[PDB]
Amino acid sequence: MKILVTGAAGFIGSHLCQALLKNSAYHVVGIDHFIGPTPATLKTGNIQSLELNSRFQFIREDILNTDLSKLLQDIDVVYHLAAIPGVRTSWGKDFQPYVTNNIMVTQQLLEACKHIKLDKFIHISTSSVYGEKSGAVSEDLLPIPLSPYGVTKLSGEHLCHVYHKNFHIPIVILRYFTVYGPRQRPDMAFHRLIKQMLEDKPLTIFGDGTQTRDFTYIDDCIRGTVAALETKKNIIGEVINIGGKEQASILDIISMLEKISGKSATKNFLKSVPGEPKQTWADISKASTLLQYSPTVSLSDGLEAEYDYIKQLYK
């Protein structure tokens, strides 16, 4: 089987490409233009491993500025992860790259796939389509995004449904809930908090730090994601939440980091940032049934793997 992974150099993409190459039957093409919030220097580390593997080909081009026909000619399966993420930096003049890379990219990819016989188009979306909800959110709730980021990502999901309904592109949508671990993007909370604690800088807390997330360890994220390809149930057309083992507030995470490091951290409490919910909490009922998905990695184990990664990254 031959698999296209968009955003292959990023946090999740780089890990997905590695998981797929462990199956000797899979050949992987990754495409990534090295844009978004992660500096390109921190991303070439994500893929040095991948380039050595002979069943892996890499293309360093903009999806909007590449021959999509030739790229897709022999592809069985597309994993679409390329996007501009980041809830907090999608306002004012920063919005355009979200529309270009989350809406125009998705539309251009689906236009290239509409006359191709794919087995699956696996589109990666986000808990940020949901906005503020009481309790564990399942995939049938009316999504009302709180951020412009969330809007552009919901717009990509909608494009998948348009091309599925009209051209029978075999879409599956996965909604990730805050992914963490080694190679986590430097604009995310745990990367920032661990780097600040290691440099003896004040920890930046937005709001009161009592906000919670369904933190999903990267290896759990990748198991659900690979499962979306390998499951024997028809999941064509389904939206599936992929969430984590254990929910935690930022205050809780800072305590667990102080226990790993033995350090006492200075908290810097800043203004809340608009467009973030107080709580995310995935119902993973559907991923249970359809993918046999069960997250196994504890926050203490995950947090420590990310801590080690951050120490190695900056030494």
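A residue's number is simply how far along the shown sequence it sits, counting from 1. Between two forms, the rigid core is defined as the largest C-alpha subset superposing within 1.5 Å.
Peer 1: Which of 119-127 and 205-213 lies farther, on average, from the shown form in 4 other deposited structures of this protein once the rigid core is superposed (C-alpha RMS)?
Peer 2: Of the two stretches, the larger average C-alpha offset in 4 other deposited structures of this protein falls on 205-213.
Peer 1: Report the stretch with the higher root mean square CA deviation, pooled over structures and residues in 4 other deposited structures of this protein, choosing between 109-117 and 187-195 after a rigid core fit.
Peer 2: If we average over structures and residues in 4 other deposited structures of this protein, the farther stretch is 109-117.
Peer 1: Looking only at CA atoms, which has the higher mean B factor in the entry: 189-197 or 128-136?
Peer 2: It is 128-136 that shows the higher mean C-alpha B-factor.
Peer 1: Is the mean CA B factor in the deposited entry higher across 226-234 or across 170-178?
Peer 2: Stretch with the greater average CA B-factor: 226-234.
Peer 1: Quiz for you: based on the deposited Cα B-factor, which of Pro97, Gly156, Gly86, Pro148 is highest?
Peer 2: Reading the PDB entry, the winner on C-alpha B-factor is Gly86.
Peer 1: Which of these, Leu257, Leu42, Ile63, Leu251, has its C-alpha atom at the highest B-factor, as the entry lists it?
Peer 2: The C-alpha B-factor peaks, among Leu257, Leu42, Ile63, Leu251, at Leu42.
Peer 1: State the tercile, meaning the lowest, middle or highest third, of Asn241 with respect to the CA B-factors recorded for its chain.
Peer 2: Middle third of the chain for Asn241's C-alpha B-factor.
Peer 1: Which third of the chain does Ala19 land in by C-alpha B-factor: lowest, middle or highest?
Peer 2: Within its chain, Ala19 is a middle-third residue by C-alpha B-factor, going by the deposited values.
Peer 1: According to the PDB entry, is the CA B factor of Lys165 in the bottom, middle or top third of its chain, that is, lowest, middle or highest?
Peer 2: Its C-alpha B-factor belongs to the middle third of this chain's values.
Peer 1: Which third, lowest, middle or highest, does the CA B-factor of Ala305 fall in along this chain?
Peer 2: Within its chain, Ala305 is a lowest-third residue by C-alpha B-factor, going by the deposited values.
Peer 1: Check where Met104 lands among this chain's C-alpha B-factors and tell me if it's the lowest, middle or highest third.
Peer 2: Tercile = lowest for this residue's CA B-factor.
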